[PDB]
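What follows is a single chain, given as structure tokens, in the form deposited in one PDB entry.
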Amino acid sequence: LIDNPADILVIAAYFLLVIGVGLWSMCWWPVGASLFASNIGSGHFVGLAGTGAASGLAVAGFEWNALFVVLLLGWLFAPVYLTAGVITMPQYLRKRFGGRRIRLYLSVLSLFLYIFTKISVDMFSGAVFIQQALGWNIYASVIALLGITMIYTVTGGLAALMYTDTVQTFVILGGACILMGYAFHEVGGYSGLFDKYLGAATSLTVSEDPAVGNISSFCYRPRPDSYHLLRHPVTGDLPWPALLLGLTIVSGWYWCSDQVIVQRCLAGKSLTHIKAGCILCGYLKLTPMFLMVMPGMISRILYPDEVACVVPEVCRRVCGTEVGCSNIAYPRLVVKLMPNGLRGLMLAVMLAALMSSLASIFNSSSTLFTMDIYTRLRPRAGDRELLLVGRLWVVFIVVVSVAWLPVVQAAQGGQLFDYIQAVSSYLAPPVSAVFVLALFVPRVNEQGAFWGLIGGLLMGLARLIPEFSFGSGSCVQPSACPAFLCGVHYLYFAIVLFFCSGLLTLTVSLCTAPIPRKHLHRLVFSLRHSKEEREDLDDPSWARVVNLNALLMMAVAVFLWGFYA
């Protein structure tokens, strides 16, 4: 419903200005802004809003545990990425363990998680945004998104992303604030939302498929525990013992092992400015509740027939998939509530962010592949061969991601955030456990760490592969997946995978002798400060102010946690 002069003109103007900015290059605030830019992504918007609409308020605990994991990065992991002289987590692991097997496995795992949790997610979120605006098919939407991403990459926007990212982080937050205000005004305010959400449900809940038959209230009714982050520890959408503990693992893997954030963080003048950037990122990481989760609840309130679709046929007609329209909440909000003038600007900035992220991820994946896999499979290299290989790899990941859109659409009952977190938790906890063990216990050996990593990979695939093979579905058509394999919340499986990988790493490393201290100097957290050389393997008041600010941030975070408990 954007086919009015007020919308197309603004979108075209916005894209033209972005291209011109890209073309021009052809001729505490920053650190925190860059850190939060990952959560500002439109994929994050869609996932969080859809999960909020589907379940309630609990999905914000993910973001606030990410606050507490950022106050773990800044004070525990950044100081070691500065005492080891290393930059990225795989570089720390290579320096500490040596060899090349660990680095090659990490490169392959990073490429897989880029294709699954980032590339496919961004493509699907852009497709959902375009479908909810132009009413297009998912494949046409992703084709258009890919085309505009190509224009972005060739006009040189990835060479001027400085002036299209850290100032787009203010247009996608002003638009988010304005849309939050509009949604709250439409729903009657804070109290209006909290009175109305529990009573918002679909009216078309019968279905004509004999097997489905009548649909139970449990599925089209909002969860009774929809206003509490502390869901039941066993029968809960987000088992709180996992939302806290079993997420700190995955979120630590992200903010301590995701090259984007690790390097954006290490791009600070001092450790007392990296801490301040982390503090500001945390305060800005408390905002996603009010900006995306509760607006998703308002989306469910205003558009139950669409967002709260429960009938398979209605859900196929609305979502495009029969599982559920959870992940169209924010797109529906944007395309319906906001005015005809600013709606186009909001959609343009969202799509520009999605395609900028896609371009950055394509470039990063090409660089990683060329410099870590083909560089070893053919040491001869050659610039022409490397460029051809990079372009062919971009084509390959684009094709595979396009072939993954149905799975992203139907994953975890149609909840994009649940899909992202499941794919993460099924592959991250192993590397997180290996990294933590390497940081803390010096007994870890290189071959032991590699064997632990690969064992965690195998035992996490033993749950990722069958889950996608059998599907997830919803109450209406529950998947025919084994109970013992599928019932356990993916975060509980995250904890189990973390601990199993740790136990395997200890078992393997205890078989052989440890690496001497000459290769551990200034690498272990317990031996950071030694004032001795190594053989390699190939303030007074500002600090107090930063500490007090961190304490204030934690106090605010715990206040909000208790308020929404």
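One rule holds for the numbers: they count along the sequence shown, beginning at 1. Note that the rigid core is defined as the largest set of C-alphas that superpose within 1.5 Å between two forms.
The form deposited in another entry exists for this protein as well; it is not shown, and the discussion that follows is about that form.
- For the set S226, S364, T287, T248, a Cα shift of at least 2 angstroms between the shown form and the other one, after rigid core superposition, holds for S364 and for no other residue.
- The Cα position of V408 differs by 2 Å or more between the shown form and the other one after fitting on the rigid core.
- For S326, the Cα coordinates differ by 2 angstroms or more between the shown form and the other one after the core has been superposed.
- The rigid-core alignment places the CA of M553 less than 2 Å apart between the shown form and the other one.
- Annotation: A411/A494 CA-CA distance longer in that other deposited form than in the displayed model, change of at least 3 Å.
- The pair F498 and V408 is looser in that other deposited form: their Cα-Cα distance rises by no less than 3 Å compared with this form.
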